[PDB]
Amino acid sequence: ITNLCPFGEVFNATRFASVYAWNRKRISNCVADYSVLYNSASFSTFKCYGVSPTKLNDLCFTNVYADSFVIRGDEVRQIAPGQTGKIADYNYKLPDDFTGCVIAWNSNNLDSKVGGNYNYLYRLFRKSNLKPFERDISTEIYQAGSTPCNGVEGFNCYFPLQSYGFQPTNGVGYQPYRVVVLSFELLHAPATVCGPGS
């Protein structure tokens, strides 16, 4: 008798978090068949850094984290380690020594709305870039230049967030894409998340 990991709760969720407020669930004390995901064909992106999907079912880790969020199709490339741009710098930043995988798929038929889906938001302004796995959920008025803002929107003072406004008629590069990031942390503690081959 084996305890299987709750992946469907993460992959098959009614709502995904906005990338700026990305969601993280801990995976522990279960058995995960990773080859099921790698060979699912439903994922437009499946890139693993620090390991190979072929050996995932034979490896064990002490902790597994699933980070989920929605971004544009043309922003999925920024999830890889050592990239830059609006998402990598201001919203979600993977470390350069990242050990895990990056899984995305098109969600135009789930997260798009006629007239725009403004529920999915991204951070547009930030003075310093995000550090790996950092989460900034602030909504303070961003100040550009020297003029103080007094907490009001104006000529040099802007709201830090902006909606995606996903529409089903948008081009594929702009369509919503659900992303799931699996991180494989391994310490000198007992490993609790394993593949079927161990």
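For clarity, a rigid core is taken as the largest C-alpha set superposing within 1.5 Å between two forms. For every residue, the number given is its place in the sequence shown, counted from 1.
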Which stretch is less alike in 4 other deposited structures of this protein, 11-19 or 179-187, counting RMS CA distance after the rigid core is superposed? 179-187
After superposing on the rigid core, which of 30-38 and 43-51 has its C-alpha atoms sitting farther from this form in 4 other deposited structures of this protein? 30-38
Stretch with higher mean Cα temperature factor, 15-23 vs 181-189, is 181-189
Please compare 78-86 with 104-112 and say which has the higher mean C-alpha temperature factor in the record. 78-86
Consider only the C-alpha atoms of the modelled residues in this chain, order them by B-factor as the entry records it, and name the third containing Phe133: lowest, middle or highest. middle
Which third of the chain holds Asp58 when residues are ordered by C-alpha B factor: lowest, middle or highest? highest
Going by the entry, which third of its chain does the Cα temperature factor of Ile1 land in? highest
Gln162: CA temperature factor from the record, placed by chain third, in the middle
Based on the deposited C-alpha B factors for this chain, I'd like to know if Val31 is in the lowest, middle or highest third. lowest
